[PDB]
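The form deposited in one PDB entry is given below as one chain in structure tokens.
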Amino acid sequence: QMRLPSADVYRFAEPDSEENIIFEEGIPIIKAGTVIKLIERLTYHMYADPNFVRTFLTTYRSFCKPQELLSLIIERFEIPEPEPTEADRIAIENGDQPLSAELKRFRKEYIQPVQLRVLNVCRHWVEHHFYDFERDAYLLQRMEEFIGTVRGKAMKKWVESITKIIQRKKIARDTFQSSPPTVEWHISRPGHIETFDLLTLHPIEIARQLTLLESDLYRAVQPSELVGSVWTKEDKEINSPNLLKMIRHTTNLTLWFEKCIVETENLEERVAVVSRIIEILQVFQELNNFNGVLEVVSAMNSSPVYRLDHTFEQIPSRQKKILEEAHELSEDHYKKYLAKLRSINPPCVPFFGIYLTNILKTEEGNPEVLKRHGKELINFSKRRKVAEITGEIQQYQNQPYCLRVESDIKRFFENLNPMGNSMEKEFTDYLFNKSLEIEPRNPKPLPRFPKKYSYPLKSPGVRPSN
């Protein structure tokens, strides 16, 4: 204990107690602690702790700023050495070499291990969370000065290693196993972008290109974008850019499906529209794009659409069953969805919405801090829980599809803007009022509306042309 530095010269060597660090229930699992005690354990002298390092660096922004973290780990690194013993003081003032038995042991067993673990944190930080340094150039400048002024022979390996990663990540900012299938076309010709629409593009190719787009959006989301509900906080655009792209696509696609349905006023044409969206669902199913399946389900369950009982009546029984089964994936807390996801073979796109729901429940169901003996301790178990949910996301992020990109169709779906200049709440009110117009509530009769589509409504089907 007293081999470690005193509190007046070093902040990371206070003894553990119930009022600064708590454990759960082998390396021990940290339940809670002060940021200082978290940093101490993040760079503990007795052993490496890769699980804690990973979980810490994913979740630390919910209790500590990047700049503050960098200051703390540098402070941890700057360990003062103990004074020479009385015999060695006498040796030094006589011009001789001191024994320095404890000093040498302390360097070997405490200073050197801790410093190596600070550099390990730096390496993991730049490798797996380089976006911190991209968003804050001053933070990177601080890291490079720190790493550049480290001195040592054991240390230089780690320095070069860390510098190696920093350069790859800067250079990044400046495939296909088999042959993919033929790109399917229906009414719209290749290049004639002005005619691209729900019924004119081939439903297979709609599902394929949306799956490519959604796969890409799924794979770009970093775990830290979900932590501490930061995508709902005021800094959402900087902290959760990829997450917000995913959410906005889902909103635009879902609301586009609804718009296509309710703005098709002719009953028989609207049946064709609903039927084509179910075919797009079928192809999402074939591709294991569960995100896409549940986007269609979401549109079909929306207030404006779900009430359109005259439309659904004409949908063939086989398509009815496909849509009904898709809904049932969501019943009993996504029981059948989860059973489906663990059974299928790659590639897939998981339903992203369920992670957000479960993370929000975890964030709202657990406190930010714990209290022991009148002192606040950061609730790290809360963060680990959230990190475990983000871990589930990550395990499906390296599943590329063997499908050819079609740049014009991709762009059409990237540029979907069903709301126009309207806000969402007012737009869904408009969709609902449209639904009341096309199929009035039960006492009123059902009026007829003229056709809007000049081209054939017959679907080309969902079986691919080899």
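We number the residues from 1 along the sequence you see. Residues that one form lacks are left out of the comparison. So that the term is clear: the rigid core is the largest set of C-alpha atoms that superpose within 1.5 Å between two forms.
Compared with other PDB entries of the same protein, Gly95 is missing from at least a third of those that resolve the residues around it.
Compared with other entries of the same protein, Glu86 falls in the group left without coordinates by at least a third of them, where both flanks are modelled.
Going from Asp174 to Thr175, you skip over 4 to 9 residues of the deposited sequence that the entry leaves unmodelled. The segment from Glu25 to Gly26 is interrupted, since 4 to 9 residues of the deposited sequence in that interval carry no coordinates. Between 87-95 and 281-289, it is 87-95 that carries the larger average Cα temperature factor according to the deposited entry. For the pair 150-158 and 375-383, the mean Cα B-factor is higher in 150-158.
Across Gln209, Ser224, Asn345, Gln115, the entry's maximum B-factor at the CA atom is seen for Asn345. The entry lists C-alpha B-factors for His129, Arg76, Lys321, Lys108, and the highest of these is at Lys108. Ranked within its chain, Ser317 lands in the middle third, by CA B factor from the PDB record. Looking at the C-alpha B-factors along this chain, the one for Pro181 belongs to the highest third. In this PDB entry, the Cα temperature factor of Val53 sits in the bottom third of its chain's modelled residues, the lowest group. Split the chain's modelled residues into thirds by C-alpha temperature factor. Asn417 is in the middle one. When all modelled residues of the chain are sorted by CA temperature factor, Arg61 is found within the lowest third.
Not pictured, yet referred to below: the form deposited in another entry.
With the core held fixed by superposition, the comparison between the shown form and the other one singles out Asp88 as the only member of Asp216, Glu184, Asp88, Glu269 whose CA moves by at least 2 angstroms. Core-superposed comparison between the shown form and the other one: the Cα of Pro98 travels 2 Å or more. A movement of the C-alpha atom of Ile344 reaching 2 angstroms or beyond is seen between the shown form and the other one when the two forms are aligned on their rigid core.
In sequence order, the runs of at least 3 consecutive residues whose Cα atoms each shift by 2 Å or more between the shown form and the other one, relative to the superposed core, are 83-99, 343-346.
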